[PDB]
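All Cβ positions, even for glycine, are placed from backbone atoms using ideal geometry, and neighbour counts span all protein chains on display. Rule-based calculations on the coordinates, nothing more; no lab input.
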Amino acid sequence: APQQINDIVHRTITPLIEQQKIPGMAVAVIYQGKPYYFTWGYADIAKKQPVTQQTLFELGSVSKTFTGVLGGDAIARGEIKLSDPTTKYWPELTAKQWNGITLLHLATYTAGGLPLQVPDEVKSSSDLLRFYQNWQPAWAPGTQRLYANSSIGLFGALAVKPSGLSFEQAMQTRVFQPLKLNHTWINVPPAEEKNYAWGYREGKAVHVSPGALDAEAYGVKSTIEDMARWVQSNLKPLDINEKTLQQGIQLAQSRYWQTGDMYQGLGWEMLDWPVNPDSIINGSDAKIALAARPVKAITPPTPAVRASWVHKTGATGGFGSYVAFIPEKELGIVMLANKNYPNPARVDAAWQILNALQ
Ligand SMILES: *[B]([O])([O])[C]([N]C(=O)[C]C1=[C][C]=[C]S1)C1=[C]C(C([O])=O)=[C][C]=[C]1
Ligand SMILES: [K+]
């Protein structure tokens with residue numbers, strides 16, 4: 001690999017692993033459209049299994065970027081419209097607070113304060129309907145952004161309804177397969193367990209537990225190679241042969257709302273480049289605080305901007321992931337770890353690396 005990439009990655013990540021006590025980590029840097037991989041430590045401490053380029057990590061909320069692109073692909077296929085009322089897909093949502101809430105609001109966390117998490121007690125389809133029917137919005141739709149699994153999660157579930165496929169089948173056939181993400185999974189098959197890293201929380205080995213809308217909001221597991229290919233695909237959508245998928249990727253990076261320096265896409269979040277780490281942290285869900293922020297609609301949405309820092313953070317109880325890329329520089333990075341460490345530290349490292357290589 002080019003020495004400049006080798007050096008900045010090792011000089012940045014080694015200290016990070018030491019400071020955060022991360023058991024295992026994989027990093028990919030995409031430079032001028034080529035991936036370079038790095039691994040450290042352990043996927044399974046007790047069984048002494050090292051992290052490799054084939055190790056599966058829980059992506060946590062980075063899964064939302066796949067959900068956003070799958071929704072974009074459905075829009076491109078003419079199956080759904082973001083301007084469609086949620087009730088068009090779920091007529092059973094008869095409670096009056098749902099009047100005026102569209103798929104756009106669900107996809108962008110602007111429905112009026114849907115909760116951060118779906119309660120553990122909510123499991124079945126009937127439980128889910130009851131939960132959304134009982135939810136009382138704090139605000140009118142399209143006025144404030146409140147990051148939430150229950151918002152983009154519902155968007156993903158509804159977006160695939162016209163297809164006639166389960167969410168998992170739609171993701172596999174319309175996104176994973178076309179992009180050759182052959183070691184990316186919503187449910188890890190038994191044959192792949194030998195490569196599934198354990199997450200570590202308070203020193204205990206853990207894997208994510210089943211939950212309602214998990215697949216849609218935080219349930220994808222993937223390798224550093226497939227994630228590098230996902231970044232490549234999002235950096236250069238015009239190279240994608242499947243027209244609706246190319247279009248869907250472009251729709252997911254469009255700018256729908258602005259709050260401060262941040263713009264909300266479908267799954268992806270974007271800031272204009274150049275920008276410093278402090279601004280990225282404060283202009284993203286990478287902050288320690290859970291924040292309600294008024295938003296300004298971008299009418300109509302701005303098509304994907306090349307000079308942007310496009311990114312997404314993700315976590316599960318035992319994992320911490322981060323993806324960021326800058327289209328106009330053909331540069332990107334994926335950082336996958338089996339410990340859920342502070343988001344600001346992820347942004348700091350990613351920025352240090354990409355700024356050095358830009
Ligand atoms: B996402 O923003 O990473 C999302 N992840 C999950 O809901 C999956 C998890 C299961 C247990 C812990 S995270 C998310 C993460 C968190 C958090 O800080 O743990 C909160 C809200 C959403
Ligand atoms: K589920």
Notebook entry, point to check: Taking only Cα atoms, what is the 0 to 90° angle, nearest 10, from helix 3-20's long axis to the longest principal axis of the chain?
Noted result: 70 degrees
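Report relative contact order for the chain in percent, whole number only (criteria: Cα-Cα under 8 Å, sequence separation at least 6). Working shown, then result.
On the way: 781 pairs, mean separation 93.0, N = 358.
Computed over the chain, the figure is 26 percent.
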Next item on the list: Find which of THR316, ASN134, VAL295 sits farthest along the positive direction of the dipole of the chain, computed with +1 on the beta-carbon of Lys and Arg, -1 on that of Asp and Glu, about the Cα centre.
Entry: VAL295
Notebook entry, point to check: In which sequence would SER125, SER321 go, from the one with the fewest C-beta neighbours within 10 Å to the one with the most?
Noted result: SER125, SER321
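Find the percent of Cα-Cα distances in region 1-100 that exceed 22 Å, and round it to a whole number. Don't jump to the answer; show the numbers that get you there.
Numbers: 2812 of 4950 pairs.
In whole percent, the share of Cα-Cα pairs in region 1-100 beyond 22 Å is 57.
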Margin query: If I model the chain as equal point scatterers sitting on the Cα atoms and use the Debye formula, what is log10 I(q)/I(0) at q = 0.06, 0.10, 0.12 Å⁻¹?
Written below: -0.19, -0.56, -0.82
Notebook entry, point to check: If one takes the longest principal axis of the Cα atoms in the chain, at what angle in degrees, from 0 to 90 and to the nearest 10, does the Cα axis of helix 343-357 lie?
Noted result: 60 degrees
Next item on the list: Find how much the distance from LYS47 to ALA291 grows on full extension, using 0.36 nm per residue of separation minus their present alpha carbon separation; answer in nm with one decimal.
Entry: 83.8 nm
Next item on the list: Compute the acute angle (0 to 90°) between the alpha-carbon long axis of helix 63-76 and the principal axis of greatest extent of the alpha-carbon atoms of the chain; round to the nearest 10°.
Entry: 50 degrees
Checklist line | Residues with amide H under 5 Å from that of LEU331, placed H, sequence gap 5 or more | finding: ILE326
Checklist line | Using θ = phi - 60° and Karplus 6.51 cos²θ - 1.76 cosθ + 1.60, couplings along region 238-255 (whole Hz; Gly, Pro as x) | finding: 5, 7, 7, 6, 6, 4, 6, 6, 4, 5, x, 4, 5, 5, 5, 9, 6, 9
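Give me the dipole magnitude in Debye, nearest 20, for the chain about the Cα centre, with unit charges on the beta carbon: positive for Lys and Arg, negative for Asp and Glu. Working shown, then result.
Numbers: 32 positive and 29 negative charges, 36 e Å.
Dipole about the Cα centre, nearest 20: 180 debye.
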Next item on the list: Please report, to two decimal places, log10 I(q)/I(0) for region 88-162 at q = 0.13, 0.17, 0.23 Å⁻¹ as given by the Debye formula with identical point scatterers on the Cα atoms and no solvent.
Entry: -0.33, -0.58, -1.13
Next item on the list: Starting at the first residue of region 325-331, write each ³J(HN,Hα) from the Karplus equation 6.51 cos²θ - 1.76 cosθ + 1.60 with θ = phi - 60°, in whole Hz, x for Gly and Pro.
Entry: 8, 10, x, 5, 9, 6, 10
Next item on the list: Please turn the phi angles of region 117-125 into ³J(HN,Hα) values with the Karplus equation 6.51 cos²θ - 1.76 cosθ + 1.60 (θ = phi - 60°), one per residue in order, whole Hz, x for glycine and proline.
Entry: 10, 7, x, 4, 6, 8, 10, 7, 4
